[PDB]
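Residue numbers (full-length UniProt numbering), protein chains in the order written: chain A, 31 to 337; chain B, 352 to 378.
Even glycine gets a Cβ: it sits at the ideal position worked out from N, Cα and C.
A short write-up of the structure that comes next.
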Amino acid sequence: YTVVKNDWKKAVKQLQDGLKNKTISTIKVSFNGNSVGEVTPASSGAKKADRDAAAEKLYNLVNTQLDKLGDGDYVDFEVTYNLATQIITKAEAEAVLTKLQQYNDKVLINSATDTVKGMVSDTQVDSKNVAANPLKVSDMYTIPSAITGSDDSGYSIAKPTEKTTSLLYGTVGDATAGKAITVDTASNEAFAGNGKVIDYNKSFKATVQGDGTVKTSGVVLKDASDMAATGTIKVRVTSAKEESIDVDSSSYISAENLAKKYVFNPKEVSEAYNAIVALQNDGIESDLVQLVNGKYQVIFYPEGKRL
Amino acid sequence: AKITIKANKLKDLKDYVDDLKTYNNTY
Numbered sequence: 031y032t033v034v035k036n037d038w039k040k041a042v043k044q045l046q047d048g049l050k051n052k053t054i055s056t057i058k059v060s061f062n063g064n065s066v067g068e069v070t071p072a073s074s075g076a077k078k079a080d081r082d083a084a085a086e087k088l089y090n091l092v093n094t095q096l097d098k099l100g101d102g103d104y105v106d107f108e109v110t111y112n113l114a115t116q117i118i119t120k121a122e123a124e125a126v127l128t129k130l131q132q133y134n135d136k137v138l139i140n141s142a143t144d145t146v147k148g149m150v151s152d153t154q155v156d157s158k159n160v161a162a163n164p165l166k167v168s169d170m171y172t173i174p175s176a177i178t179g180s181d182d183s184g185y186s187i188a189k190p191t192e193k194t195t196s197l198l199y200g201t202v203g204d205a206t207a208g209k210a211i212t213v214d215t216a217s218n219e220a221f222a223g224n225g226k227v228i229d230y231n232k233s234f235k236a237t238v239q240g241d242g243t244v245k246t247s248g249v250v251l252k253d254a255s256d257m258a259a260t261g262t263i264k265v266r267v268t269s270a271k272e273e274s275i276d277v278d279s280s281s282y283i284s285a286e287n288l289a290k291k292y293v294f295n296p297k298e299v300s301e302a303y304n305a306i307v308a309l310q311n312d313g314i315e316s317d318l319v320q321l322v323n324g325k326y327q328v329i330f331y332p333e334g335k336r337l
Numbered sequence: 352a353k354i355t356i357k358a359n360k361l362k363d364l365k366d367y368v369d370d371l372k373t374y375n376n377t378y
């Protein structure tokens, strides 16, 4: 992962957010490859104040160096991360609960009919299955009304409380009694971030089983990302050495090396050459040949990299 | 992004740009 100078603030912001949410355990900072400090929340980021202090320590360390970066200088961030230790804030947990509460009245199973299975009373009429009211999410689950946790350890939504129903699953007209409907205890879990999001396709869902009974899910999680859960990665902020090619200094990229790097517009370069020559020998001024701070200069926009 | 070549002397700027034009043209 490498980024140019103009976008350093949003790169550092990403690293600060990872320190705050416990996904980043340590950052090693280096200027031009020379180690310049390490940023590590004390006590494995147990307290919010220590994680915020780490994010501030990182910004103070780098913001001036990145703001005046040039000359080909660069800044490296060697970042050890763990996506699974992610914690979420009170506001983030509140937003997930708000969405989760919209599933409270949704229907899991419709009333049965003569030709489509569904909700059937446990008491029969004529020894025959009669339909019952639809089975709603709230009939099987009690979604929590509040979030739990702390600023230090993060916030979470408790697992929705499981319930039972005596209503059954069958068809109207059937002398055979309806089948049982039961929560799936392996498909109901709490949400605390931890690199997961709520899987809304699989959550709050009835699944007809091979033996004719029905299982229901509560909250089911999935990964928020495809990227690997753990690792150590190095984010680099670069500056362009060819931004200011000073022909009189001890370090400048040569014309040949510049031409290996970039393809140039032949008209743009030919016209710059002619203006330099005409100014040097004939005294003709040109806007292509700046004289500023004791140095003659010209400006080029490459057509692109050479590939 | 822009590239800025500069020199105290017009002759050194000319030599650099001349070289740049030559190498740009060999491709």
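I need the DSSP call for residue i, collapsed to helix, strand or coil.
| i | result |
| --- | --- |
| residue 239 of chain A | coil |
| residue 266 of chain A | strand |
| residue 93 of chain A | helix |
| residue 69 of chain A | strand |
| residue 64 of chain A | strand |
| residue 116 of chain A | coil |
| residue 253 of chain A | strand |
| residue 79 of chain A | helix |
| residue 327 of chain A | strand |
| residue 160 of chain A | coil |
| residue 48 of chain A | helix |
| residue 192 of chain A | strand |
| residue 42 of chain A | helix |
| residue 138 of chain A | strand |
| residue 279 of chain A | coil |
| residue 216 of chain A | coil |
How far does the alpha helix (DSSP H) with residue i in it reach, from first residue to last?
| i | result |
| --- | --- |
| residue 22 of chain A | Here chain A comprises residues numbered 31 to 337, so residue 22 of chain A is not present and cannot be evaluated. |
| residue 130 of chain A | 120-131 |
| residue 374 of chain B | 361-376 |
| residue 168 of chain A | 167-170 |
Considering only C-alpha positions, which residue in the set the options is nearest to residue i?
| i | options | result |
| --- | --- | --- |
| residue 61 of chain A | A:93, A:43, A:51 | A:93 |
| residue 166 of chain A | A:144, A:40, A:140 | A:140 |
| residue 319 of chain A | A:311, A:313, A:306 | A:306 |
| residue 237 of chain A | A:86, A:254, A:148 | A:148 |
| residue 121 of chain A | A:163, A:185, A:172 | A:185 |
| residue 101 of chain A | A:43, A:328, A:269, A:334 | A:269 |
| residue 300 of chain A | B:363, B:378, B:371 | B:371 |
| residue 260 of chain A | A:192, A:230, A:112 | A:112 |
| residue 360 of chain B | A:72, A:103, A:324 | A:324 |
Assuming residue i is part of the beta strand (DSSP E), what are its boundary residues?
| i | result |
| --- | --- |
| residue 284 of chain A | From DSSP, residue 284 of chain A is part of no beta strand (DSSP E); its letter is neither H nor E. |
| residue 108 of chain A | 104-112 |
| residue 276 of chain A | 274-276 |
| residue 149 of chain A | 148-150 |
| residue 321 of chain A | 320-322 |
| residue 197 of chain A | Residue 197 of chain A -> no beta strand (DSSP E), and no H or E assigned at all. |
| residue 248 of chain A | Note, residue 248 of chain A: premise wrong, no beta strand (DSSP E); not H, not E. |
Using a 10 Å radius around the Cβ and a threshold of 16 neighbouring Cβ atoms, would you call residue i buried or exposed?
| i | result |
| --- | --- |
| residue 331 of chain A | exposed |
| residue 169 of chain A | buried |
| residue 246 of chain A | buried |
| residue 223 of chain A | buried |
| residue 40 of chain A | exposed |
Measure the Cβ-Cβ separation of residue i and residue j and say whether it is below 8 Å.
| i | j | result |
| --- | --- | --- |
| residue 137 of chain A | residue 263 of chain A | no |
| residue 303 of chain A | residue 369 of chain B | yes |
| residue 249 of chain A | residue 221 of chain A | yes |
| residue 187 of chain A | residue 227 of chain A | no |
| residue 273 of chain A | residue 354 of chain B | yes |
| residue 159 of chain A | residue 146 of chain A | no |
| residue 114 of chain A | residue 240 of chain A | no |
| residue 211 of chain A | residue 199 of chain A | yes |
Starting from the beta carbon of residue i, find every residue of chain D whose beta carbon is closer than 9 Å, and list them in chain order.
| i | result |
| --- | --- |
| residue 252 of chain A | No chain D appears in the structure shown, which is made up of the protein chains A and B. |
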